[PDB]
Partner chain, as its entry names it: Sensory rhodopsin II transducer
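Take a look at this single chain, the form deposited without its partner chain, given in structure tokens.
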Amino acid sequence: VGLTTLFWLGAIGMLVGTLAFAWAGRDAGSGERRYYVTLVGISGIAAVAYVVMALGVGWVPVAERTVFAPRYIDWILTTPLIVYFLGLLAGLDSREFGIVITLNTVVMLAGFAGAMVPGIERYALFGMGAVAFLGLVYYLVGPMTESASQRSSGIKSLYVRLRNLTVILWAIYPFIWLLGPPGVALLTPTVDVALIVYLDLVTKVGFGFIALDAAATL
């Protein structure tokens, strides 16, 4: 199994999620539609990014490594949508959304920038992202959880389930980044991509399926 193959697998998984979310939201009352649309965009954008990488585009040479630019474009656009989904579920107002969305953006921008910087100073960008990430986790586990507590028992339960999925799985990315080509380059590009393809699929499609389950049960 090579990079190309791993990218195709990611494209296929994202496509399956995209189609399922689009279908399940066919009707969608008039206030629940928002959730389905966000899911379609999250997995849809990732699907495109993976096909692009699978076709060999965006493989940017940096120092003695390769940076998959599409992955980062994908993250920058999709992770804020995931955060939006959680904030909607938690019942946040504009100001609340604004804070978590910017922290999220700082994480992804710093990571992309760090990956694109050849020198050892790139770790300074990585650190910036790590710090903003802790801020994001704080909001997810604190204020946003407090806000969610004002919703029905089911919604609060779905929020908690997805919050846990997000906090735990997202916290893993920085380590894979630090151990893979972007950092120490211990893990080969293939192993790093394999691990990240799984993580992207679960944080997006796994995330979506869990939500659909809750919606159905509700």
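Numbering follows the first chain given and starts at 1.
Just so you know, the form solved in complex with its partner chain exists too; it's not on screen, but the next bit is about it.
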With the partner removed from view, which of 147 to 155, 178 to 186, 36 to 44, 23 to 31 is the stretch that lies within 4.5 Å of its partner chain in the bound PDB entry, judged by heavy atom distances? 178 to 186
One residue of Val51, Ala69, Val62, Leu165 in contact with its partner chain, assessed in the bound PDB entry (non-hydrogen atom, 4.5 angstroms): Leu165
Contact at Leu86, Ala124 and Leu134 by its partner chain in the bound PDB entry, all three, heavy atom at most 4.5 Å: no
4.5 angstroms heavy atom contact with its partner chain in the bound PDB entry for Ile172: yes
Can you work out whether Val202 and its partner chain are in contact in the bound PDB entry, taking contact to mean some heavy atom pair no more than 4.5 Å apart? yes
With heavy atoms only and a cut-off of 4.5 Å, decide whether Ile12 touches its partner chain in the bound PDB entry. no
Would you please decide whether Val16 lies within 4.5 angstroms of its partner chain in the bound PDB entry, comparing each non-hydrogen atom pair? no
Out of 189 to 218, which residues reach within 4.5 Å of its partner chain in the bound PDB entry, heavy atoms considered? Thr190, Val191, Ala194, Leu195, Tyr198, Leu199, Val202, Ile210
